[PDB]
Each structure stands twice: as structure tokens, then as C-alpha cells.
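K.L.:
Fold the following and give me the result.
(2 chains)
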There are 2 protein chains.
Amino acid sequence: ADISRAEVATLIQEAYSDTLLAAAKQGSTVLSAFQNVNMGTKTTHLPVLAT
Amino acid sequence: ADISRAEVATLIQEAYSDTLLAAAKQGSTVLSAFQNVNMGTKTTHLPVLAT
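P.N.:
Numbering: from 1, shown residues only, chains lettered A, B, ... in the order given. The structure is reproduced below:
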């Protein structure tokens, strides 16, 4: 007639560790690759040479 | 061939002017012709001579 781990219920109690939890985060590529134009209205018109 | 006003495109911008925008706001006539009475509750009783 043994005493099992199951028979010692919650006198044995689990620990917790956050060591795997943290995750690094990556921004937009296009915000660093190219010029960020500040806008003050929904639309801006840019003329370009066409012929 | 010639350069049309459409083919200059957005090099011809379009302008703005708020000179027609402003309109006056008008108060209540009765709220300035007559006495404004304070109230602390929905109903007030005023006794008057009747006969």
C-alpha cells in the first residue's frame, strides 16, 4: 500500500516561469526604406512629367 | 500639336477662400425680450389674483 504523487494532491504544487514569454516585434519595412511624407488632408496631388 | 490646359495637369493648382463662409448666429427673441427665471425642479407654482 504505497503513497502515490496523485494521493498527495496539491501538497505538491506547480511553479510558473516567464522566461519563454517575451517576444521581439518588427516595424513596417516601407516606413524605413522610403520617405515618410507628412500629410495634413486626405489627398495630395503631385505633378510629374509625362511626355 | 500644342500644350492644352488639361496637359499641364496639376501644375495649374486650384485656390481657396473662406471670404463667403462666415454666417452670423441669432439668439432667441423671447429669451431676451422677457425675464429669465431660474428653476431648481421641473415644476413651479405661481399664485395669481383671479376675481
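K.L.:
how many neighbours does residue A:35 have?
P.N.:
5 (other Cβ atoms under 10 Å in any protein chain shown). The way it works is simple: take the backbone N, C-alpha and C, and place the C-beta from them, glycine included.
K.L.:
again but with residue A:8, I slipped
P.N.:
9.
K.L.:
Quick check: phi and psi at it.
P.N.:
phi -100, psi 30 (degrees, to the nearest 10).
K.L.:
Next one: residue A:34 from residue A:45, what distance?
P.N.:
Distance from residue A:34 to residue A:45, counting by Cβ to Cβ, to the nearest Å: 19 Å.
K.L.:
Residue A:8 too?
P.N.:
Taken as Cβ to Cβ, the span from residue A:8 to residue A:45 is 76 Å.
K.L.:
Then residue A:5?
P.N.:
Relative to residue A:45, and taking Cβ to Cβ, residue A:5 is found at 74 Å.
K.L.:
Give me the number of neighbouring residues for residue A:34.
P.N.:
Residue A:34: 9 neighbours (other Cβ under 10 Å).
K.L.:
Same question for residue A:15.
P.N.:
Quick note: residue A:15 (other Cβ under 10 Å) scores 4 neighbours.
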